[PDB]
């Protein structure tokens, strides 16, 4: 699905549109403001993805402000933030959003996501010590997030890093189902299982770490590079276009102006079926972001391995 032009977009269940390409901001650092302004004003991005836990929201805010002061309406932008683990209790949801909106210098978010489906204690360590991973009242948290929508502070709500079982648990109790499920997706980790479950429920999927992140960057993968040279495009452009053809929005992160400009030029051309199949053919070995260092305590639990974080669905 698409919108057409570099204004390509997907449609959420609420009728609101999400631009197909967004700017990621994890580890964007003290360049964040510049990258956000450049991406929006010069490269024509209309979607920014951030989070409180990234520590860059104030910077994103200054960037968004500068971009809008140059004659772009707030309505045209799509801003996503995320509710962190330590704030996953009903009475912490609203204060967390207000802080995010204040740092971003906004009055509403377009999308507010559960960052991870795990509650952490205040002052939790990495890895977490005994009793620092707490019990999650998912139903109560989600009810409060529905209230944010009702008040108009958030236009849509959703989740990240979910399993099929956790999705079913949420879908049982929810009045407003999740608009978006944001997941690690790239060649080498398709996660078709979660994608199919989201497709069934009409939930839109955003591919995070679409280039394999910093840790396992795929821009010098032999197969990706072969396709890139064949089509006269960059490896990044191929990786991102591959995702759009699967039907997921993408949020590639870069702090370099030229890469920011490149990453959105993924419309008006396609990856042929043979090349698409070859990239899908890369085996799903391992994920870059396991959540092990955030939630796994091997000795005391309650989560003693990475497979327990993903409900044994790998």
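Numbering follows the first chain given and starts at 1.
The PDB entry reports B-factors from which the mean C-alpha value can be compared for 221 to 229 and 234 to 242; the larger average falls on 221 to 229. In this entry, 186 to 194 has the higher mean Cα B-factor, the comparison being between 79 to 87 and 186 to 194. The top Cα temperature factor in the record, among 172, 155, 102, 143, falls on 172. Between the residues 107, 122, 110, 151, the entry's highest C-alpha temperature factor is the one at 122. Residue 43: CA B factor in the middle third of modelled residues in this chain (values from the PDB entry). Placement of the Cα temperature factor of residue 20 within the chain: lowest third of the modelled residues, per the deposited record. Per the deposited record, the Cα B-factor of residue 166 falls in the middle third when ranked against the other modelled residues of its chain. Ranked by C-alpha B-factor against the other modelled residues of its chain, residue 28 falls in the lowest third. In this PDB entry, the Cα temperature factor of residue 138 sits in the middle third of its chain's modelled residues.
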